[PDB]
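Naming convention: chains lettered A, B, ... in sequence-line order (proteins, then strands); numbering from 1 in each chain. Only this structure's heavy atoms are used, side chains among them; waters, hydrogens and symmetry mates stay out.
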Amino acid sequence: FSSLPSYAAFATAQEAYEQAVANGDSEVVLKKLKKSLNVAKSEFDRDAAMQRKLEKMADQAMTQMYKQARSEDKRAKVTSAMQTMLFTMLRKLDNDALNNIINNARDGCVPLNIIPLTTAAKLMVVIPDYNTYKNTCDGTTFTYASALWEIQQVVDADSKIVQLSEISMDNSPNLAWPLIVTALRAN
Amino acid sequence: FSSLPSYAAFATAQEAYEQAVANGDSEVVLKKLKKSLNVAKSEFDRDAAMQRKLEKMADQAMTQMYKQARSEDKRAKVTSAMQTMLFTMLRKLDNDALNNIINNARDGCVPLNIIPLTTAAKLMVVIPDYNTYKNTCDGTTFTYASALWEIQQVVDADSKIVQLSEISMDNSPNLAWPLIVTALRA
Amino acid sequence: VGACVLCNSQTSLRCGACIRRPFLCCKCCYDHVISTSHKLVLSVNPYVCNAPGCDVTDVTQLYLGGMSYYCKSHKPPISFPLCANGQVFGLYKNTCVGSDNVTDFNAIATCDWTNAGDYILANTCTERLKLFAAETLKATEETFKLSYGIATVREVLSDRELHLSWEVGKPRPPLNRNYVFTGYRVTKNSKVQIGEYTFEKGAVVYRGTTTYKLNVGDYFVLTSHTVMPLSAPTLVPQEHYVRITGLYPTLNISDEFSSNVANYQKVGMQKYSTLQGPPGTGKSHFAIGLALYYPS
Amino acid sequence: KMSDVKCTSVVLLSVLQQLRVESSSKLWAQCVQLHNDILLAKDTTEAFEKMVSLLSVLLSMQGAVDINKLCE
Amino acid sequence: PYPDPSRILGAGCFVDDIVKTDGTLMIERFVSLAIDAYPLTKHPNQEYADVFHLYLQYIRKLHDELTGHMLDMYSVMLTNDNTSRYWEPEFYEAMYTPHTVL
RNA sequence: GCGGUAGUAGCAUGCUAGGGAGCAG
RNA sequence: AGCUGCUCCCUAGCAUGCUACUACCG
Ligand SMILES: [Zn+2]
Ligand SMILES: [Zn+2]
């Protein structure tokens with residue numbers, strides 16, 4: 001504070017007090033001027049020291065308001081993200097096989113573990129070594145889960161394409177050896 | 001923190017009181033010196049504390065920013081410090097088998113696969129010229145990594161098998177010299 | 001962080017508003033920022049007030065507010081001015097010698113490299129400062145060259161002849177053989193790989209790199225590089241050898257290079273060759289002649 | 001003498017890892033096996049065997065300038 | 001209670017970059033590791049108290065190196081230390097005596 | 001001369017909060 | 001990239017409390 005009502009009173013009080021001190025009139029003049037400048041600094045104390053809690057509290061409030069606004073924007077952002085994800089993953093399951101197996105239930109309830117088994121259009125097989133490959137995904141087509149699948153594309157642990165003519169018993173020690181087969185459901 | 005202005009005041013009145021305690025004087029002029037020193041030890045005992053704390057505040061801020069700078073600059077040079085440290089430690093280790101392969105790689109003879117430990121398994125090494133072949137190869141034996149191997153085949157850069165007898169000083173400029181020797185451990 | 005250019009003392013500050021953000025020491029940077037209009041400095045963190053959505057970017061008005069730098073109306077009860085004493089608060093505030101003559105770097109920074117005195121200072125200044133002037137030249141030309149228009153061809157008139165169309169707000173620069181255009185071919189995903197070409201008025205005549213088909217909608221733009229700082233000066237502090245070092249003369253004399261035998265010794269004992277050679281005086285014949293001075 | 005070889009093995013595998021070797025599954029598997037076997041050894045005559053084997057991997061690549069780092 | 005010495009030494013030797021390999025930037029890591037290893041000084045085996053004494057000596061070395069850097073590069077000195085307590089054993093001994101001062 | 005209230009400076013205990021780090025299951 | 005418990009260091013805030021100095025009054 002520099003331009004509040006107490007300042008003018010205090011300043012003029014001490015100016016007149018010290019002008020009269022330069023005059024040097026009495027002994028009660030000193031007492032009176034010092035009492036005035038004791039009670040006028042008792043005005044510049046409340047008005048210049050406790051006036052400053054108001055500003056600090058207002059700044060507390062302003063920072064809290066800023067924080068609340070930011071926290072309110074983040075919620076809308078994450079809500080939009082979640083509902084976009086839900087709607088984008090919805091656009092793949094609304095097929096005609098799902099409707100079939102749901103209309104074959106007696107209440108509309110089915111176990112979840114059978115939904116990929118009877119409706120998924122693509123299958124992925126992970127093979128550790130050659131004997132397991134020879135027992136499961138042999139040739140161009142194979143049978144699994146009461147269905148028949150046809151192979152397209154084989155990769156290795158480095159994600160590099162392997163041809164079906166390289167997977168032999170002699171060339172086995174030269175392959176990165178988890179193999180990942182991708183197959184499509186045959187009609 | 002004596003370089004502050006108010007010190008000159010605090011000494012001044014204190015000096016007066018010194019004279020007072022030397023004089024043995026009346027009662028009121030000592031009230032004078034107990035009313036203009038407690039205003040000095042109050043107008044100064046406030047300036048000489050906040051500044052003293054500010055000095056340490058500046059010091060701690062400078063140390064924090066220096067810590068940040070050095071940590072930022074340390075993780076931008078890992079790929080060179082690590083290799084320098086590795087080769088310093090290898091030099092200090094002082095092993096014959098490691099020194100052999102390090103010096104051979106320094107000259108140009110480098111392997112093409114992992115060096116095997118079993119008495120079986122195949123080794124393939126590159127040979128860039130004839131001097132290394134002469135001080136490394138002798139007949140049908142190969143001295144590498146402080147071990148002895150027997151030669152099985154020599155080739156040149158165009159993947160064409162070369163028999164061992166023709167490799168010599170005069171026939172040297174007739175072969176693609178980056179030779180590739182295949183051997184097996186004794 | 002490291003040593004500065006003009007001062008060679010370790011520092012941690014930049015001119016934010018200046019061109020190529022050089023290293024500058026406490027008093028060093030203070031002179032550079034108070035003598036001219038660059039009034040934004042970057043320490044390990046930038047010198048801005050973190051007040052939510054505030055504006056100021058000056059250096060002499062922001063203050064210290066504990067952990068961060070704050071604005072005047074934003075600053076806490078008691079502060080410590082960041083820019084006083086003739087220094088800006090930063091690393092290594094003691095070991096800083098500074099400088100008085102700062103008109104050189106100030107002129108080099110505030111200049112636009114448009115007139116003759118620009119290059120007069122660019123050469124006649126300090127060699128490190130002239131390397132900096134070189135990089136400033138490159139940056140200025142890069143920034144001014146992409147500021148021109150984009151060549152959006154829409155027609156197909158002939159081969160080596162087409163029609164040009166350019167956008168609003170950017171003029172079309174001089175279609176000269178001095179500055180090569182650069183184009184990219186459109187597709188649904190990206191647009192890349194037509195090469196560097198040279199256009200001029202015709203109808204628009206184009207000078208193409210290699211024969212291909214001229215599609216529709218391809219843009220031709222004066223693209224820019226990502227120019228990098230320099231390390232070594234223009235040339236080395238020079239020397240005359242006492243011996244023919246790392247070299248030994250030849251044994252014979254060459255017919256086409258008999259006219260330059262007096263030119264063999266004179267530089268074999270120093271680094272540089274200050275050439276005064278007019279176009280077509282055997283300008284390049286010595287490039288193959290002095291080459292076989294010693295084929296090793 | 002055993003402590004030195006174990007520390008050198010740790011630093012060597014760090015150098016191999018930052019040269020983008022784990023992009024080849026077989027090579028990374030062999031390097032990991034050798035590094036883990038050196039750290040569990042009890043006699044200092046097989047640790048040097050496996051150290052030769054593991055350093056040959058770095059010597060067979062071309063991402064390090066041997067003549068420059070070995071200025072001595 | 002006391003720990004296994006190799007656990008303390010291994011914690012001192014192997015880290016995850018920046019977190020060590022530059023001791024002057026953290027220092028408090030070794031203070032905590034010496035708090036954990038103080039009771040080894042009361043073991044009959046003499047190779048066990050050497051761990052605590054090695055940690056104290058390293059703490060002193062780190063403090064000296066940081067101060068030397070700081071004065072050789074700005075000109076700056078920490079005014080009053082209050083840090084010599086970190087390489088004297090009373091600080092670590094007080095953590096195992098029944099009068100809680102947490 | 002003492003008590004009270006209003007001020008200014010330093011010290012002590014704990015309580016919340018923010019950041020970095022170590023150990024154990 | 002997890003759930004807990006314990007400990008060390010630094011900063012800020014508030015309350016409380018201690019102590020000292022100025023002012024008013026009784
Ligand atoms: Zn500038
Ligand atoms: Zn602001």
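Side-chain contact check for B:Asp47 and B:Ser6: no donor-acceptor pair (N or O, by modelled atom type) lies under 3.5 Å. Between C:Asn45 and C:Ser43, the side chains place no donor N or O within less than 3.5 Å of an acceptor N or O (distance only, hydrogens not considered).
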Exercise. Stepwise, does the side chain to side chain contact (heavy atoms under 4.5 Å, CB included) test hold for C:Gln61 with C:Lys72?
Worked result: CA-CA 7 Å; C:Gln61 169 271 334; C:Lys72 288 305 314 172; 3.2 Å; yes

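When rounded to the nearest whole Å, the span between CG of E:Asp4 and P of F:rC23 equals 14 Å. As rounded to whole Å, 11 Å separates atom P of F:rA21 from atom CG of E:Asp16. Taking atom CE of residue B:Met57 and atom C1' of nucleotide G:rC10, one finds them 15 Å apart after rounding to whole Å. Distance E:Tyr55 OH to G:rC8 P: 19 Å, rounded to the nearest Å. A straight line from NZ of A:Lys67 to P of F:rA17 spans 14 Å, rounded to a whole angstrom. F:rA21 atom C1' lies 10 Å from atom CG of E:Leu33, rounded to whole Å. Residue E:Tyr96 contributes atom OH, which lies 10 Å from atom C1' of F:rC23 at whole-angstrom precision. Between the CE atom of E:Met26 and the P atom of G:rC10 there is a distance of 16 Å, given to the nearest Å.
Dashed line: the shortest gap from a side-chain N or O of E:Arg29 to OP1 or OP2 of F:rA21 is not under 4.0 Å.
For C:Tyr70 and C:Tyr63, the gap between ring centers reaches or exceeds 6.0 Å. Aromatic pair B:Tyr66/E:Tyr74: ring centres not closer than 6.0 Å.
In terms of position on RNA chain F, the residue among E:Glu28 and E:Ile8 whose nearest nucleotide sits closer to the 5' end is E:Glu28. If E:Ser32 and E:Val101 are placed on RNA chain F by their nearest nucleotide, the residue sitting closer to the 5' end is E:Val101.
F:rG18 and G:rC3 have their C1' atoms separated by 23 Å, with the value rounded to a whole Å.
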Problem set entry | For RNA chain F, the dot-bracket pattern of Watson-Crick and G-U pairs whose distances stay under 3.5 Å, | for other-strand partners | .|||||||.|....||||||||||.

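Other residues, nucleotides and ligands contribute at most 12 non-hydrogen atoms within 6.0 Å of the CD1 atom of C:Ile78. For CE of A:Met62, the number of neighbouring non-hydrogen atoms (other residues, nucleotides, ligands) closer than 6.0 Å is 12 at most.
In this structure, the side chain of A:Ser80 engages the main chain of A:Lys77 through a donor-acceptor pair within 3.5 Å.
Electrostatic pairing of E:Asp17 and B:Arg75 does not count as a salt bridge here, judged by no charged N lying under 4.0 Å from a carboxylate O.
Residue C:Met67 is out of contact with every strand shown, counting any heavy-atom pair closer than 4.0 Å. Across all strands shown, E:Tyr92 has no heavy atoms under 4.0 Å from either base or sugar-phosphate atoms.
Which of G:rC9, F:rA24, F:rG22 sits closest to the side chain of E:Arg7 comes down to F:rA24. Residue A:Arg46 places its side chain closer to F:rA6 than to any other of F:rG22, F:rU8, F:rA6. Each of F:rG7, G:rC8, F:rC23 was ranked by its minimum atom distance to the side chain of E:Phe91; first place goes to G:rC8. With distances taken from any side-chain atom of E:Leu102 to the nucleotides F:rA9, G:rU7, F:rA21, the minimum falls on G:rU7.
Side-chain contact between A:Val155 and A:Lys160 is absent, with no heavy-atom pair separated by less than 4.5 Å.
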For this session: Summarise protein proximity over nucleotides 12-22 of chain G in one line of letters, 5' to 3': B for base, S for sugar-phosphate only, - for none, counting protein heavy atoms closer than 4.0 Å.
Result: ---------SS

